[PDB]
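**Student:** What follows is model_0.cif; its format and atoms are mmCIF, C-alpha atoms; chains and numbers go by the auth columns.
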data_model
loop_
_atom_site.group_PDB
_atom_site.id
_atom_site.type_symbol
_atom_site.label_atom_id
_atom_site.label_comp_id
_atom_site.label_asym_id
_atom_site.label_seq_id
_atom_site.Cartn_x
_atom_site.Cartn_y
_atom_site.Cartn_z
_atom_site.B_iso_or_equiv
_atom_site.auth_seq_id
_atom_site.auth_asym_id
ATOM 1 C CA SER A 1 -57.079 -12.666 40.673 0.00 1 W
ATOM 2 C CA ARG A 2 -54.712 -12.980 37.701 0.00 2 W
ATOM 3 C CA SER A 3 -51.187 -14.259 38.342 0.00 3 W
ATOM 4 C CA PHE A 4 -48.194 -15.335 36.275 0.00 4 W
ATOM 5 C CA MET A 5 -45.571 -17.040 38.426 0.00 5 W
ATOM 6 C CA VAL A 6 -41.949 -17.187 37.272 0.00 6 W
ATOM 7 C CA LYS A 7 -39.300 -19.073 39.242 0.00 7 W
ATOM 8 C CA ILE A 8 -35.867 -17.696 38.313 0.00 8 W
ATOM 9 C CA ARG A 9 -33.371 -20.311 39.439 0.00 9 W
ATOM 10 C CA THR A 10 -29.638 -20.540 39.757 0.00 10 W
ATOM 11 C CA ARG B 1 -13.850 -15.912 32.820 0.00 1 J
ATOM 12 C CA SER B 2 -15.888 -13.187 34.554 0.00 2 J
ATOM 13 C CA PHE B 3 -19.048 -12.765 36.644 0.00 3 J
ATOM 14 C CA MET B 4 -19.621 -9.014 36.938 0.00 4 J
ATOM 15 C CA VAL B 5 -21.867 -7.700 39.721 0.00 5 J
ATOM 16 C CA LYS B 6 -22.674 -3.988 39.943 0.00 6 J
ATOM 17 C CA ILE B 7 -23.821 -2.778 43.374 0.00 7 J
ATOM 18 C CA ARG B 8 -25.407 0.634 42.858 0.00 8 J
ATOM 19 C CA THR B 9 -26.900 3.217 45.194 0.00 9 J
ATOM 20 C CA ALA C 1 -55.724 -13.288 30.272 0.00 1 X
ATOM 21 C CA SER C 2 -53.032 -13.885 32.907 0.00 2 X
ATOM 22 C CA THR C 3 -50.262 -13.707 30.301 0.00 3 X
ATOM 23 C CA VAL C 4 -50.520 -9.989 29.365 0.00 4 X
ATOM 24 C CA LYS C 5 -50.474 -6.948 31.647 0.00 5 X
ATOM 25 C CA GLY C 6 -50.128 -3.321 30.540 0.00 6 X
ATOM 26 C CA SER C 7 -49.562 -4.546 26.942 0.00 7 X
ATOM 27 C CA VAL C 8 -46.510 -6.535 28.145 0.00 8 X
ATOM 28 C CA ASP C 9 -46.584 -10.210 27.198 0.00 9 X
ATOM 29 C CA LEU C 10 -45.521 -11.836 30.460 0.00 10 X
ATOM 30 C CA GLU C 11 -44.870 -15.222 28.874 0.00 11 X
ATOM 31 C CA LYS C 12 -42.589 -13.572 26.318 0.00 12 X
ATOM 32 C CA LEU C 13 -40.895 -11.690 29.157 0.00 13 X
ATOM 33 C CA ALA C 14 -40.443 -14.942 31.081 0.00 14 X
ATOM 34 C CA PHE C 15 -39.003 -16.720 28.018 0.00 15 X
ATOM 35 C CA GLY C 16 -36.562 -13.851 27.583 0.00 16 X
ATOM 36 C CA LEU C 17 -35.477 -14.008 31.237 0.00 17 X
ATOM 37 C CA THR C 18 -34.221 -17.554 30.568 0.00 18 X
ATOM 38 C CA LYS C 19 -31.931 -16.378 27.756 0.00 19 X
ATOM 39 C CA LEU C 20 -30.085 -13.792 29.874 0.00 20 X
ATOM 40 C CA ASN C 21 -26.479 -14.479 30.775 0.00 21 X
ATOM 41 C CA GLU C 22 -26.060 -15.207 34.490 0.00 22 X
ATOM 42 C CA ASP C 23 -24.602 -11.791 35.285 0.00 23 X
ATOM 43 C CA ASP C 24 -27.358 -10.047 33.322 0.00 24 X
ATOM 44 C CA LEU C 25 -29.972 -12.160 35.128 0.00 25 X
ATOM 45 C CA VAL C 26 -28.686 -10.703 38.417 0.00 26 X
ATOM 46 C CA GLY C 27 -29.415 -7.274 36.932 0.00 27 X
ATOM 47 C CA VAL C 28 -33.070 -8.289 36.510 0.00 28 X
ATOM 48 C CA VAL C 29 -33.197 -9.405 40.148 0.00 29 X
ATOM 49 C CA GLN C 30 -31.683 -6.046 41.083 0.00 30 X
ATOM 50 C CA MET C 31 -34.196 -4.062 39.010 0.00 31 X
ATOM 51 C CA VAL C 32 -37.113 -5.927 40.594 0.00 32 X
ATOM 52 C CA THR C 33 -35.747 -5.721 44.141 0.00 33 X
ATOM 53 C CA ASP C 34 -34.736 -2.049 43.890 0.00 34 X
ATOM 54 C CA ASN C 35 -38.218 -1.075 42.686 0.00 35 X
ATOM 55 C CA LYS C 36 -40.198 -3.321 45.005 0.00 36 X
ATOM 56 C CA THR C 37 -43.597 -2.145 46.227 0.00 37 X
ATOM 57 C CA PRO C 38 -45.701 -4.070 48.772 0.00 38 X
ATOM 58 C CA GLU C 39 -48.128 -5.220 46.068 0.00 39 X
ATOM 59 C CA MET C 40 -45.293 -6.962 44.226 0.00 40 X
ATOM 60 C CA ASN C 41 -45.054 -10.665 45.068 0.00 41 X
ATOM 61 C CA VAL C 42 -41.301 -11.329 45.178 0.00 42 X
ATOM 62 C CA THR C 43 -39.500 -14.097 47.089 0.00 43 X
ATOM 63 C CA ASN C 44 -35.711 -14.459 47.193 0.00 44 X
ATOM 64 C CA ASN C 45 -34.797 -17.823 48.733 0.00 45 X
ATOM 65 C CA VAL C 46 -31.119 -17.049 49.174 0.00 46 X
ATOM 66 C CA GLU C 47 -29.715 -20.425 50.225 0.00 47 X
ATOM 67 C CA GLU C 48 -31.800 -22.174 47.542 0.00 48 X
ATOM 68 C CA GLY C 49 -30.875 -19.801 44.711 0.00 49 X
ATOM 69 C CA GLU C 50 -34.419 -19.139 43.537 0.00 50 X
ATOM 70 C CA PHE C 51 -36.115 -15.814 42.873 0.00 51 X
ATOM 71 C CA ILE C 52 -39.874 -16.242 42.572 0.00 52 X
ATOM 72 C CA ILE C 53 -41.983 -13.454 41.126 0.00 53 X
ATOM 73 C CA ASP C 54 -45.619 -12.976 40.186 0.00 54 X
ATOM 74 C CA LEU C 55 -45.173 -10.955 37.010 0.00 55 X
ATOM 75 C CA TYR C 56 -48.854 -9.972 37.133 0.00 56 X
ATOM 76 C CA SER C 57 -48.231 -8.338 40.524 0.00 57 X
ATOM 77 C CA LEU C 58 -45.731 -5.904 39.028 0.00 58 X
ATOM 78 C CA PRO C 59 -46.633 -2.368 37.955 0.00 59 X
ATOM 79 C CA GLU C 60 -46.876 -1.770 34.227 0.00 60 X
ATOM 80 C CA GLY C 61 -43.957 0.687 34.243 0.00 61 X
ATOM 81 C CA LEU C 62 -41.622 -1.831 35.865 0.00 62 X
ATOM 82 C CA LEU C 63 -42.766 -4.592 33.495 0.00 63 X
ATOM 83 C CA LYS C 64 -41.970 -2.327 30.560 0.00 64 X
ATOM 84 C CA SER C 65 -38.520 -1.581 32.006 0.00 65 X
ATOM 85 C CA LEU C 66 -37.891 -5.288 32.591 0.00 66 X
ATOM 86 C CA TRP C 67 -38.990 -6.099 29.061 0.00 67 X
ATOM 87 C CA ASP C 68 -36.753 -3.382 27.604 0.00 68 X
ATOM 88 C CA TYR C 69 -33.807 -4.720 29.663 0.00 69 X
ATOM 89 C CA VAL C 70 -34.454 -8.290 28.520 0.00 70 X
ATOM 90 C CA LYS C 71 -34.587 -7.243 24.849 0.00 71 X
ATOM 91 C CA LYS C 72 -31.387 -5.190 25.265 0.00 72 X
ATOM 92 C CA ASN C 73 -29.436 -8.056 26.863 0.00 73 X
ATOM 93 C CA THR C 74 -30.523 -11.065 24.767 0.00 74 X
ATOM 94 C CA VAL D 1 -19.072 -21.631 41.285 0.00 1 H
ATOM 95 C CA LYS D 2 -15.643 -20.862 42.797 0.00 2 H
ATOM 96 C CA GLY D 3 -14.340 -22.540 45.928 0.00 3 H
ATOM 97 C CA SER D 4 -17.310 -23.748 47.957 0.00 4 H
ATOM 98 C CA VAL D 5 -19.407 -20.763 46.815 0.00 5 H
ATOM 99 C CA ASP D 6 -22.041 -20.640 44.081 0.00 6 H
ATOM 100 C CA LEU D 7 -21.320 -17.201 42.608 0.00 7 H
ATOM 101 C CA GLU D 8 -24.833 -16.849 41.182 0.00 8 H
ATOM 102 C CA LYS D 9 -26.416 -17.625 44.559 0.00 9 H
ATOM 103 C CA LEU D 10 -24.029 -15.148 46.160 0.00 10 H
ATOM 104 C CA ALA D 11 -25.023 -12.519 43.605 0.00 11 H
ATOM 105 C CA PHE D 12 -28.741 -13.227 44.138 0.00 12 H
ATOM 106 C CA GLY D 13 -28.174 -12.976 47.870 0.00 13 H
ATOM 107 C CA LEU D 14 -26.316 -9.665 47.568 0.00 14 H
ATOM 108 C CA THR D 15 -29.430 -8.171 45.949 0.00 15 H
ATOM 109 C CA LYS D 16 -31.504 -8.999 49.058 0.00 16 H
ATOM 110 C CA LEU D 17 -29.295 -7.055 51.473 0.00 17 H
ATOM 111 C CA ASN D 18 -30.612 -3.823 52.917 0.00 18 H
ATOM 112 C CA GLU D 19 -28.728 -0.692 51.863 0.00 19 H
ATOM 113 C CA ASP D 20 -26.992 -0.341 55.230 0.00 20 H
ATOM 114 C CA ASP D 21 -25.872 -3.986 55.084 0.00 21 H
ATOM 115 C CA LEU D 22 -24.536 -3.556 51.549 0.00 22 H
ATOM 116 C CA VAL D 23 -21.987 -1.119 52.982 0.00 23 H
ATOM 117 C CA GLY D 24 -20.505 -4.063 54.892 0.00 24 H
ATOM 118 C CA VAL D 25 -19.982 -5.943 51.603 0.00 25 H
ATOM 119 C CA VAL D 26 -18.143 -2.965 50.088 0.00 26 H
ATOM 120 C CA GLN D 27 -16.099 -2.762 53.306 0.00 27 H
ATOM 121 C CA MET D 28 -15.258 -6.476 53.314 0.00 28 H
ATOM 122 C CA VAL D 29 -14.224 -6.503 49.643 0.00 29 H
ATOM 123 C CA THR D 30 -12.224 -3.262 49.904 0.00 30 H
ATOM 124 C CA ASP D 31 -10.485 -4.350 53.123 0.00 31 H
ATOM 125 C CA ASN D 32 -9.370 -7.594 51.443 0.00 32 H
ATOM 126 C CA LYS D 33 -8.364 -6.235 48.035 0.00 33 H
ATOM 127 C CA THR D 34 -5.584 -8.025 46.165 0.00 34 H
ATOM 128 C CA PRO D 35 -4.246 -7.025 42.708 0.00 35 H
ATOM 129 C CA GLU D 36 -5.941 -9.982 41.008 0.00 36 H
ATOM 130 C CA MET D 37 -9.349 -8.831 42.303 0.00 37 H
ATOM 131 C CA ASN D 38 -11.289 -6.679 39.847 0.00 38 H
ATOM 132 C CA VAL D 39 -12.968 -4.088 42.070 0.00 39 H
ATOM 133 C CA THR D 40 -14.057 -0.561 41.129 0.00 40 H
ATOM 134 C CA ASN D 41 -15.627 2.010 43.467 0.00 41 H
ATOM 135 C CA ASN D 42 -17.057 4.830 41.340 0.00 42 H
ATOM 136 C CA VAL D 43 -17.709 6.986 44.378 0.00 43 H
ATOM 137 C CA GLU D 44 -19.416 9.971 42.738 0.00 44 H
ATOM 138 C CA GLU D 45 -21.672 7.611 40.760 0.00 45 H
ATOM 139 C CA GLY D 46 -22.338 5.352 43.768 0.00 46 H
ATOM 140 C CA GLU D 47 -21.288 2.192 41.935 0.00 47 H
ATOM 141 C CA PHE D 48 -19.303 -0.751 43.269 0.00 48 H
ATOM 142 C CA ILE D 49 -18.424 -3.169 40.470 0.00 49 H
ATOM 143 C CA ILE D 50 -16.774 -6.528 41.171 0.00 50 H
ATOM 144 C CA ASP D 51 -15.833 -9.624 39.210 0.00 51 H
ATOM 145 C CA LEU D 52 -16.887 -12.410 41.575 0.00 52 H
ATOM 146 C CA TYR D 53 -14.653 -14.839 39.673 0.00 53 H
ATOM 147 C CA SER D 54 -11.685 -12.596 40.478 0.00 54 H
ATOM 148 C CA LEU D 55 -12.190 -12.922 44.228 0.00 55 H
ATOM 149 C CA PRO D 56 -10.188 -15.372 46.350 0.00 56 H
ATOM 150 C CA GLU D 57 -12.050 -18.335 47.781 0.00 57 H
ATOM 151 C CA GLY D 58 -11.734 -17.246 51.416 0.00 58 H
ATOM 152 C CA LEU D 59 -13.263 -13.837 50.715 0.00 59 H
ATOM 153 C CA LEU D 60 -16.053 -15.451 48.691 0.00 60 H
ATOM 154 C CA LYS D 61 -16.835 -17.719 51.643 0.00 61 H
ATOM 155 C CA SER D 62 -16.899 -14.812 54.111 0.00 62 H
ATOM 156 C CA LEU D 63 -19.108 -12.847 51.702 0.00 63 H
ATOM 157 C CA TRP D 64 -21.499 -15.779 51.368 0.00 64 H
ATOM 158 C CA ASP D 65 -21.576 -16.218 55.149 0.00 65 H
ATOM 159 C CA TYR D 66 -22.296 -12.496 55.539 0.00 66 H
ATOM 160 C CA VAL D 67 -25.076 -12.687 52.958 0.00 67 H
ATOM 161 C CA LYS D 68 -26.703 -15.681 54.677 0.00 68 H
ATOM 162 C CA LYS D 69 -26.478 -13.968 58.071 0.00 69 H
ATOM 163 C CA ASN D 70 -27.909 -10.614 56.969 0.00 70 H
ATOM 164 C CA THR D 71 -30.721 -11.661 54.594 0.00 71 H
#
Kindly return the structure encoded in the file as structure tokens.
**Tutor:**
Amino acid sequence: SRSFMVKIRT
Amino acid sequence: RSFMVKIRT
Amino acid sequence: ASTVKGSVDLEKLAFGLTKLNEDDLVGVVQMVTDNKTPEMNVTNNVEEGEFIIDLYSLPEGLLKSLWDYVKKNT
Amino acid sequence: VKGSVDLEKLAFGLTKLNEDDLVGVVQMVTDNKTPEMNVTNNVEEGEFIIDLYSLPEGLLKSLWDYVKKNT
């Protein structure tokens, strides 16, 4: 359904 | 000069 | 519609995550990981140094706690 | 980054350890404590607080190896 992807990187 | 990590139960 | 859940602006939360100091960013990873439920989509690629999260998969209470933490530490 | 170890990657990796495997990190750091290391074990509070920059390079490498092996 709804999604909000966040890629937290070093 | 620091990188503090807190490991907690 | 995908940018707000439980009255938490997820894009604002994501922008705030970028401003955290590196040791306070680890605290966000800890808060997510310590409260993980199966419905949460969380991937920690350890050797690559990337923590991938679907913010819409997180429960409203955890999103509110993450947003409070991000405001407190930026 | 200190030595060959990315401290942020090490910290991210520490978060992925299971609770029983975290005990091995506390053991490894405590067993290798030097004065220059900033390490606090608040036992009654269940907190183990470390400055990763204060750790010697050999210990950081063994910690990183442990984290890769147990995640």
**Student:** What does the structure give for the distance between CA of residue 30 (chain H) and CA of residue 6 (chain J), in Å to one decimal?
**Tutor:** 14.5 Å
**Student:** Selection in question (the file shown): the PyMOL selection byres ((chain H) within 12 of (chain X)). Which residues does it include, as a short mmCIF file (atom, residue, chain, number, x, y, z; two decimals) with C-alpha atoms, in the frame of the given file?
**Tutor:**
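Dumped to part27.cif:
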data_model
loop_
_atom_site.label_atom_id
_atom_site.label_comp_id
_atom_site.auth_asym_id
_atom_site.auth_seq_id
_atom_site.Cartn_x
_atom_site.Cartn_y
_atom_site.Cartn_z
CA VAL H 1 -19.07 -21.63 41.28
CA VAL H 5 -19.41 -20.76 46.82
CA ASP H 6 -22.04 -20.64 44.08
CA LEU H 7 -21.32 -17.20 42.61
CA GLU H 8 -24.83 -16.85 41.18
CA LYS H 9 -26.42 -17.62 44.56
CA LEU H 10 -24.03 -15.15 46.16
CA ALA H 11 -25.02 -12.52 43.60
CA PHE H 12 -28.74 -13.23 44.14
CA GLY H 13 -28.17 -12.98 47.87
CA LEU H 14 -26.32 -9.66 47.57
CA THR H 15 -29.43 -8.17 45.95
CA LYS H 16 -31.50 -9.00 49.06
CA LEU H 17 -29.30 -7.06 51.47
CA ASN H 18 -30.61 -3.82 52.92
CA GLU H 19 -28.73 -0.69 51.86
CA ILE H 49 -18.42 -3.17 40.47
CA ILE H 50 -16.77 -6.53 41.17
CA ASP H 51 -15.83 -9.62 39.21
CA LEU H 52 -16.89 -12.41 41.58
CA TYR H 53 -14.65 -14.84 39.67
CA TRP H 64 -21.50 -15.78 51.37
CA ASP H 65 -21.58 -16.22 55.15
CA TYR H 66 -22.30 -12.50 55.54
CA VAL H 67 -25.08 -12.69 52.96
CA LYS H 68 -26.70 -15.68 54.68
CA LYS H 69 -26.48 -13.97 58.07
CA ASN H 70 -27.91 -10.61 56.97
CA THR H 71 -30.72 -11.66 54.59
#
**Student:** Out of X:14, X:70, X:40, X:63, which residue has the shortest atom-to-atom distance to chain W when counting all atoms listed in the file?
**Tutor:**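 Closest to chain W, using all atoms listed in the file: X:14.
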**Student:** Given the file shown, enumerate the residues that the PyMOL selection byres ((chain J) within 7 of (chain X)) captures and present them as a VMD selection string.
**Tutor:** chain J and resid 3 to 5
**Student:** Quick one: distance from CA of residue 45 (chain H) to CA of residue 74 (chain X) in Å, one decimal?
**Tutor:**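 CA of residue 45 (chain H) sits 26.1 Å away from CA of residue 74 (chain X).
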**Student:** Of the candidates H:41, H:22, H:47, H:4, which one gets nearest to chain J if we count all atoms listed in the file?
**Tutor:**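 The shortest atom-to-atom distance to chain J comes from H:47.
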**Student:** Around (-22.7, 5.7, 45.9), as given in the file, which residues come within 9 Å? Count only C-alpha atoms and list them as a tab-separated table (two decimals) with C-alpha atoms, in the coordinates of the input.
**Tutor:**
chain	number	residue	atom	x	y	z
J	7	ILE	CA	-23.82	-2.78	43.37
J	8	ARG	CA	-25.41	0.63	42.86
J	9	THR	CA	-26.90	3.22	45.19
H	41	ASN	CA	-15.63	2.01	43.47
H	42	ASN	CA	-17.06	4.83	41.34
H	43	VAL	CA	-17.71	6.99	44.38
H	44	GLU	CA	-19.42	9.97	42.74
H	45	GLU	CA	-21.67	7.61	40.76
H	46	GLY	CA	-22.34	5.35	43.77
H	47	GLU	CA	-21.29	2.19	41.94
H	48	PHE	CA	-19.30	-0.75	43.27
**Student:** Can you tell me which residues surround residue 4 (chain W) at a distance of at most 10 Å, considering only C-alpha atoms, apart from same-chain residues fewer than 3 positions away, and format the answer as a PDB file with C-alpha atoms, keeping the file's coordinate frame?
**Tutor:**
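Output file part-v6.pdb is given in full below:
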ATOM      1  CA  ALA X   1     -55.724 -13.288  30.272  1.00  0.00           C
ATOM      2  CA  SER X   2     -53.032 -13.885  32.907  1.00  0.00           C
ATOM      3  CA  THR X   3     -50.262 -13.707  30.301  1.00  0.00           C
ATOM      4  CA  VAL X   4     -50.520  -9.989  29.365  1.00  0.00           C
ATOM      5  CA  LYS X   5     -50.474  -6.948  31.647  1.00  0.00           C
ATOM      6  CA  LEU X  10     -45.521 -11.836  30.460  1.00  0.00           C
ATOM      7  CA  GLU X  11     -44.870 -15.222  28.874  1.00  0.00           C
ATOM      8  CA  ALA X  14     -40.443 -14.942  31.081  1.00  0.00           C
ATOM      9  CA  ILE X  53     -41.983 -13.454  41.126  1.00  0.00           C
ATOM     10  CA  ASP X  54     -45.619 -12.976  40.186  1.00  0.00           C
ATOM     11  CA  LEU X  55     -45.173 -10.955  37.010  1.00  0.00           C
ATOM     12  CA  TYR X  56     -48.854  -9.972  37.133  1.00  0.00           C
ATOM     13  CA  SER X  57     -48.231  -8.338  40.524  1.00  0.00           C
TER      14      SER X  57
END
**Student:** What is the CA of residue 55 (chain H) to CA of residue 23 (chain H) distance in Å?
**Tutor:**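 Computed distance, CA of residue 55 (chain H) to CA of residue 23 (chain H), equals 17.7 Å.
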**Student:** With only C-alpha atoms as the basis for distance, which of X:52, X:20, X:8, X:28 is at the shortest distance from chain W?
**Tutor:**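 With only C-alpha atoms as the atom set, the closest residue is X:52.
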